[PDB]
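1. Following this: a sequence and the matching experimental structure.
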Amino acid sequence: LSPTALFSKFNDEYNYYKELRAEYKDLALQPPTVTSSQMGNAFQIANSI
Amino acid sequence: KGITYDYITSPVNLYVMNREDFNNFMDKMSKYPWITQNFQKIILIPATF
C-alpha cells in the first residue's frame, strides 16, 4: 500500500561515480616538446645541464 | 685554432665586427679570393649577448 515515493528514497551514486571516471590517463603533466637543435647537445652544455 | 667558447670547442675561428666595418673589410680582402672562399658561415648575432 506504500506509494511510489518508496523508490524516491533510493540513492544513485552509481551514475555520478561512473561520470567522475577519467577518460584519458596522463603519463606526463604536459606533453613533451620534440625539437632537436641543429648543434645538438651543445645547448645543454652551455648551461651545464 | 680552437677557441673553446661557452665550454664548447672546435677548430673553426670566430670573428665579430660591426655592420659598417664588414663591407670595408670585404673590400680590403677582395685581392685574396681563396681566403674569402674559405669563409664558412655568417650570422647576425644580437649585440646584447
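-> Yes, it's here. Numbering: from 1, shown residues only, chains lettered A, B, ... in the order given.
2. List the buried residues in the host helix or strand of residue A:6.
-> Assigned by DSSP states H and E, residue A:6 belongs to helix A:5-8. Residues of helix A:5-8 include none that count as buried (16 or more other CB atoms under 10 Å in any protein chain shown). C-betas here are computed from N, CA, C, even on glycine.
3. Moving C-terminal from it, which element do we reach first?
-> With elements assigned by DSSP H and E, the helix or strand that comes after helix A:5-8 is helix A:14-20.
4. Skipping adjacent residues, who's closest to the residue of chain B positioned farthest from its centre in space?
-> Centroid-distance maximum for chain B: residue B:7 at 19.5 Å, with CA atoms, centre = their mean. Nearest-residue entry for residue B:7: residue A:45, 5.2 Å, with adjacent residues in sequence omitted and distances by CB to CB, 6 or more residues apart in numbering or on different chains.
5. That neighbour contacts residue B:5, doesn't it?
-> No. Using CB atoms under 8 Å, residue A:45 is not in contact with residue B:5, being 11.1 Å away.
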